[PDB]
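Undergrad: Before we start, here is the structure in question, set down as structure tokens.
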Amino acid sequence: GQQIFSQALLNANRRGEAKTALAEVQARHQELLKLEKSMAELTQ
Amino acid sequence: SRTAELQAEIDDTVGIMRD
């Protein structure tokens with residue numbers, strides 16, 4: 001005669017996955033902005 | 001690496017066009 005609930009922990013691997021690939025997409029975006037700027041000068 | 005190569009080519013072409 002008894003019952004029980006249950007809780008959950010996230011995976012360690014995940015860690016700060018919010019920025020694991022955010023930093024990387026931000027870095028690529030910076031590269032793309034540099035590309036865009038250089039192309040703007042070249043077109044001019 | 002492909003994007004860095006593209007950037008390098010664009011910078012070179014900017015130099016040639018300035019010339």
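Chain lettering (A, B, ...) mirrors the order of the structure tokens, residue numbering begins at 1 for each chain separately, and ligand numbering begins at 1 in order of display.
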Within 10 Å of chain A, which residues of chain B show up when using only C-alpha atoms, listed as a ChimeraX atom specification?

TA: /B:3-4,6-8,10-11,13-18

Undergrad: Generate a file of the selected residues that holds N, CA and C atoms, formatted as a compact mmCIF listing (two decimals), in the first residue's frame.

TA:
# COMPACT_ATOMS: atom_id res chain seq x y z
N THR B 3 34.43 29.03 -46.97
CA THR B 3 34.08 30.44 -46.82
C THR B 3 35.33 31.29 -46.68
N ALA B 4 36.35 30.79 -45.98
CA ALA B 4 37.59 31.54 -45.85
C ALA B 4 38.29 31.67 -47.20
N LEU B 6 36.75 31.69 -50.10
CA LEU B 6 35.96 32.64 -50.85
C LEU B 6 36.31 34.07 -50.45
N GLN B 7 36.42 34.31 -49.14
CA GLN B 7 36.83 35.63 -48.65
C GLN B 7 38.19 36.02 -49.20
N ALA B 8 39.13 35.08 -49.24
CA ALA B 8 40.46 35.40 -49.75
C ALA B 8 40.40 35.77 -51.23
N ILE B 10 37.83 37.05 -52.81
CA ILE B 10 37.15 38.33 -52.96
C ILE B 10 38.10 39.47 -52.60
N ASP B 11 38.88 39.31 -51.53
CA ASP B 11 39.88 40.32 -51.18
C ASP B 11 40.89 40.52 -52.30
N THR B 13 40.36 40.01 -55.47
CA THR B 13 39.70 40.65 -56.60
C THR B 13 39.48 42.13 -56.31
N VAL B 14 39.19 42.48 -55.06
CA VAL B 14 39.11 43.88 -54.66
C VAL B 14 40.44 44.58 -54.93
N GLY B 15 41.55 43.94 -54.57
CA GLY B 15 42.84 44.54 -54.87
C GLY B 15 43.05 44.78 -56.36
N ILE B 16 42.72 43.77 -57.17
CA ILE B 16 42.89 43.91 -58.62
C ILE B 16 42.00 45.03 -59.16
N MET B 17 40.78 45.15 -58.63
CA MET B 17 39.87 46.19 -59.11
C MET B 17 40.31 47.58 -58.65
N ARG B 18 40.92 47.68 -57.47
CA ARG B 18 41.48 48.96 -57.06
C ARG B 18 42.59 49.37 -58.01

Undergrad: At what distance in Å, to one decimal, does CA of residue 2 (chain B) lie from CA of residue 13 (chain A)?

TA: 29.0 Å

Undergrad: What separation in Å, quoted to one decimal, exists between CA of residue 5 (chain B) and CA of residue 30 (chain A)?

TA: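 Computing the Euclidean distance for CA of residue 5 (chain B) and CA of residue 30 (chain A) yields 15.2 Å.
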
Undergrad: Could you work out how far CA of residue 33 (chain A) lies from CA of residue 12 (chain B), giving the answer in Å with one decimal?

TA: 17.5 Å

Undergrad: Considering only alpha helix (DSSP H) as DSSP defines it on the backbone, what residues of chain A qualify? List them as a ChimeraX atom specification.

TA: /A:17-20,22-43
